[PDB]
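Read through the structure below, which is laid out as structure tokens, and then see the notes.
Every residue, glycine as well, gets a Cβ built from its backbone with ideal geometry; the counts of neighbours run over all protein chains shown. Computed from the coordinates by the stated procedures, all read-outs in this text should not be read as laboratory data.
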Amino acid sequence: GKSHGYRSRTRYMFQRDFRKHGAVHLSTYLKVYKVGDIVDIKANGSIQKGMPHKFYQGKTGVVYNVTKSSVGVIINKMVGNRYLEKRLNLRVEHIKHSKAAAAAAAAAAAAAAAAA
Amino acid sequence: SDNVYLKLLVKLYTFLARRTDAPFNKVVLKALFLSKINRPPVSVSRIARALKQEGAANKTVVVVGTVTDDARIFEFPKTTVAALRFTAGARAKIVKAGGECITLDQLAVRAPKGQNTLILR
Amino acid sequence: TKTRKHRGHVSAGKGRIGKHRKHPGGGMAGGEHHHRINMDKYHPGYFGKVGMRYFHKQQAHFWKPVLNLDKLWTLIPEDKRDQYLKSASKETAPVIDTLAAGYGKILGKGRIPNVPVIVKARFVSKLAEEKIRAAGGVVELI
RNA sequence: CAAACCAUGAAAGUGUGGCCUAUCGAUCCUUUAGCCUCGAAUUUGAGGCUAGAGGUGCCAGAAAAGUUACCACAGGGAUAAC
RNA sequence: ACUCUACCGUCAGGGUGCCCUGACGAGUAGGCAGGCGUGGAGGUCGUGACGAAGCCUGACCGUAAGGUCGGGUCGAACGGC
RNA sequence: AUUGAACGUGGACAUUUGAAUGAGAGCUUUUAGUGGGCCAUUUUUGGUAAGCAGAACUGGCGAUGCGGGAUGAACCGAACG
RNA sequence: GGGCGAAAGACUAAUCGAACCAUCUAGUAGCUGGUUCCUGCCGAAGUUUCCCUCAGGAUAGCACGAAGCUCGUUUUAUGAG
RNA sequence: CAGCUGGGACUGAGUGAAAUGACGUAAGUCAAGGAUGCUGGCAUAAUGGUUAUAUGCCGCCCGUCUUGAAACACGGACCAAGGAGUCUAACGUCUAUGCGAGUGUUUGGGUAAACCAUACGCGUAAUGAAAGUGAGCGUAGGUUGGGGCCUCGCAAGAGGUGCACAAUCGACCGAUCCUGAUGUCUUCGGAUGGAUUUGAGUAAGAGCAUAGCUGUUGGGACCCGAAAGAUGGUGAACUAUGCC
């Protein structure tokens, strides 16, 4: 029936956005990551070389580290086989930013004992 | 599986273990049942390393399987060895080094408590 | 030879009822393609050629002795068969091997202890000569 | 990412020819160029990287056409008249 | 089923001899363990012509497997260990 | 330049008494089996003329007691030594 | 594979489109059928990458057998009709 | 409430125990913890037994294929004979094991099933279309420093020697460090989980032989059902054709 590869099934994950069409601004372009930054993913046909895969969008993830410099960097995410170390390669523009709220729970909790 | 001497050594070890236990009474008891590789033939080259330059010759080696007698173990390293089979070289060269070659039967007679003990694979 | 399990089931040597020569897939199998046999998408088969065959490795190829420098040495600080210059062993004195065989080197590895022995062999390998020379020796002839 | 490394630019600068976006051929072989391993022994016969020739379209590849009813044998609604 | 309490199956832990005792136990392939099995035999004494195997018939423990005793009868064979 | 980490070093951050460690899930590996199934519930592409034919999701049977149903594996209640 | 034809491969010991008898020969059958104790522990699967490949089988999915160890209920969010 | 009313469940009785309990009494009961009797299903050592048998109610039996046959699928009159995974023999886990860092053989000798001999094995070499080496049972790869040797040319510099030592990285052993409980003390010692550091060895497979077992390639090869080839005989007794 269908062939695989590019736009099949999840055409939106290949696609840009109608509202946010046109060339991508210098938001996630210049925002490079390091160890333990939680991030998201959504592609486009705006960034040609270093486009991530469509099946491995939908999933969230965390950045392992940025390896050497900016490009050739990785995002960790599980694939639905079973729990396994799986990642995905991409360059900077496709990577987003998310929940840095949860880890600040420990620093909030530590204001405990000195209230005696 | 039934080694006539070794399955009688199970009923020896449990009789001591369920009264005056040792950590060598725990580990070696499982490996009286278990198979070929799980009864390791330890060489006296790996005893010459582990039991005295690195690790302590205070800690006495309770060998699980047999004792093979590699090289010609010198007057410098040594430990007191107890095992299943003891070979002619181990009856010579361990005595030359400065230890006894005993047996697991006599560990129950000597001191089942494990004050200064290790095993070796 | 489990007569009890085998004769009172008749599955031993067969499997399920109609398994005939489909199951072992004939007997043997070839190189390339054929129907319903044990060939399929196998990983063995390919290359074929057995043996490390070359015109150098055949007749008149003289064998080496099993002869390390330290494996020879271990018997020496016990036995006083050999001579002592520094120490001074022979090749074929603590060792068998290089009686009949054509040449006789002194060979292999191990990060060498400080043993100033002098060996009396036919030839020498590259292995032993550097190690033993650093320790404080050399090869001597027989 | 770093070196090799020529011509362009004030420099910053970004790419191993391409706007996201289908577009072809193995073992076997063939023959050629680049040049690391050889039989007293100076050469040389014989033999293993890599790159290219050649519509094997089923794209993962054996020169080249068949009625089959005198008739024999083993199987099959895996398959049909019905 | 629900539910009471007991009983049957392997295994664990505490402490041997094994007992307490948890959780589950419909069943085909299949593997392992355990138990019953023929011909034969190193062994072989024990039983025998004052009655052996066998034939035939009765008693006949209980885990599914099939085996000891006893009666009518045999006219030489066969098991402790 | 700077980024990223480990050590040195200060602070934030709970304690008394007695005894001791639970799995309903992961990983490794020798000597088998499957490699051809049925039905009910629900939605899709599709002939709502038909059991035309295809894709998703779920229970029981396959390998299940017993009761209900005049007769009927799937449903209802439900688990069996 | 010869004998033979005005033809029908009629004909040759009831066998002739290749006589009959005996041997190698127990040829061989990728297909089908049949196939011998018991209980207990314990027990799945009809799914797949892929094939000059299709009543098969390399591999993978799922539980065999044996040794040594292995959950979640749910809370904050993030991504996608 | 035992007014009254129906049951499961427990204690106890000649003689006559041990361990874990409570309350009460000049008394004892509950609670514990010690101990049944006959058939029944039916394979191997039971009561006085085989058994015709009214009336009434339950009530559809297999080896095999398949999701699926008591079924109108196959397969017995009935009894006895014969028979369907197996004494070859290779590989790999494992049981048992004399003996092990060297051990264990064989022909044969011969004290004859004994005992002696120890030839010789034991998981075994990278890799370059054509210009070497032979790796310690077998022992290599990746990266790098030091040094020995030869040739050309102006020692300007270019090329192998990196075969090998060794430096250095890795499965991993063993040590080291830390968390909480923790014997024992402000001193040593035991165990567990995780991580860093640091020292060192083995193709890390750290023994060979043997009785034996397993599934399978092979072996009388699980038992059964074919059409068919080559080779050597015998048939024109019948019959197609020939001739007189």
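Go through the range C:1-25 and give me each residue that's within 13 Å of RNA strand E (Cβ to nearest atom) and charged (D, E, K, R).
Matches in the range C:1-25: C:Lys2, C:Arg4, C:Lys5, C:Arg7, C:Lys14, C:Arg16, C:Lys19.
So A:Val62 fits all but one of (1) aliphatic (A, V, I, L, M); (2) within 16 Å of the chain's Cα centre (by Cα); (3) within 13 Å of RNA strand D (Cβ to nearest atom); what number is the exception?
Among (1) aliphatic (A, V, I, L, M); (2) within 16 Å of the chain's Cα centre (by Cα); (3) within 13 Å of RNA strand D (Cβ to nearest atom), A:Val62 violates only (3).
Residues checked against (1) within 15 Å of RNA strand G (Cβ to nearest atom); (2) assigned to a loop (DSSP other than H, G, I, E, B); (3) touching a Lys or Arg at 6+ places or on another chain (Cβ under 9 Å):
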residue	(1), (2), (3)
A:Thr28	yes, yes, yes
A:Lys34	no, yes, no
A:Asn44	yes, yes, yes
A:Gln48	no, yes, no
A:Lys54	yes, yes, yes
A:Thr60	yes, yes, yes
A:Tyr64	no, yes, yes
A:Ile75	yes, no, yes
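For a quick check of your reading of the model, give me the residue pairs whose first member lies in the range B:21-45 and is within 15 Å of B:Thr117 (Cβ to Cβ) and free of Cβ contacts under 8 Å to residues at least 24 places away in the same chain, whose second is among the aromatic types (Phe, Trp, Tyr) and not in a loop (DSSP other than H, G, I, E, B), with beta-carbon atoms closer than 6 Å and at least 6 apart or on different chains.
Note: pairs meeting the criteria are B:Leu29/B:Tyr13.
Which of the following residues is under 30 Å from B:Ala97 (Cα atoms) and either without any contact (Cβ under 8 Å) to a residue 40 or more places away in the chain or within 14 Å of chain B (Cβ to nearest Cβ) (or both): C:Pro44, C:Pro24, C:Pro113?
That would be C:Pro113, the only listed residue that is under 30 Å from B:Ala97 (Cα atoms) and either without any contact (Cβ under 8 Å) to a residue 40 or more places away in the chain or within 14 Å of chain B (Cβ to nearest Cβ) (or both).
Checking C:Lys57 against (1) near RNA strand H (Cβ under 10 Å from one of its atoms); (2) in a loop (DSSP other than H, G, I, E, B); (3) surrounded by 10 or more Cβ atoms within 10 Å (Cβ to Cβ): exactly one of these is not met. Which one?
(3)
Condition first: in contact with a strand residue (DSSP E or B) (Cβ under 8 Å, 6 or more places away or on another chain) and either assigned to a helix (DSSP H, G or I) or exposed (fewer than 10 other Cβ atoms within 10 Å of the Cβ) (or both). Can you find one or more residues in the range C:18-29 that meet it?
Looking through the range C:18-29, none of the residues is in contact with a strand residue (DSSP E or B) (Cβ under 8 Å, 6 or more places away or on another chain) and either assigned to a helix (DSSP H, G or I) or exposed (fewer than 10 other Cβ atoms within 10 Å of the Cβ) (or both).
Given the criteria assigned to a loop (DSSP other than H, G, I, E, B) and within 11 Å of RNA strand H (Cβ to nearest atom), does C:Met39 qualify?
Spelling it out, it is not the case that C:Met39 is assigned to a loop (DSSP other than H, G, I, E, B) and within 11 Å of RNA strand H (Cβ to nearest atom).
Please find, among C:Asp70, C:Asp97, the residue that is of a type in the set (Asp, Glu), surrounded by 10 or more Cβ atoms within 10 Å (Cβ to Cβ), under 29 Å from B:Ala92 (Cα atoms) and within 14 Å of chain B (Cβ to nearest Cβ).
When all the criteria are applied, what remains is C:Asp70.
Across the range C:94-142, which residue is farthest from C:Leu67 (Cα to Cα) among those that are outside any loop (DSSP other than H, G, I, E, B) and touching a strand residue (DSSP E or B) at 6+ places or on another chain (Cβ under 8 Å)?
Only one residue tops the list, namely C:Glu140.
Residues checked against (1) crowded, with 20+ Cβ neighbours inside 10 Å; (2) without any contact (Cβ under 8 Å) to a residue 40 or more places away in the chain; (3) within 14 Å of chain C (Cβ to nearest Cβ):
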residue	(1), (2), (3)
B:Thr60	yes, no, no
B:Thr68	no, yes, no
B:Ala71	no, yes, yes
B:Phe76	no, yes, yes
B:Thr79	yes, yes, no
B:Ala92	no, yes, yes
B:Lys96	no, yes, yes
B:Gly99	yes, yes, no
B:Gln106	no, yes, no
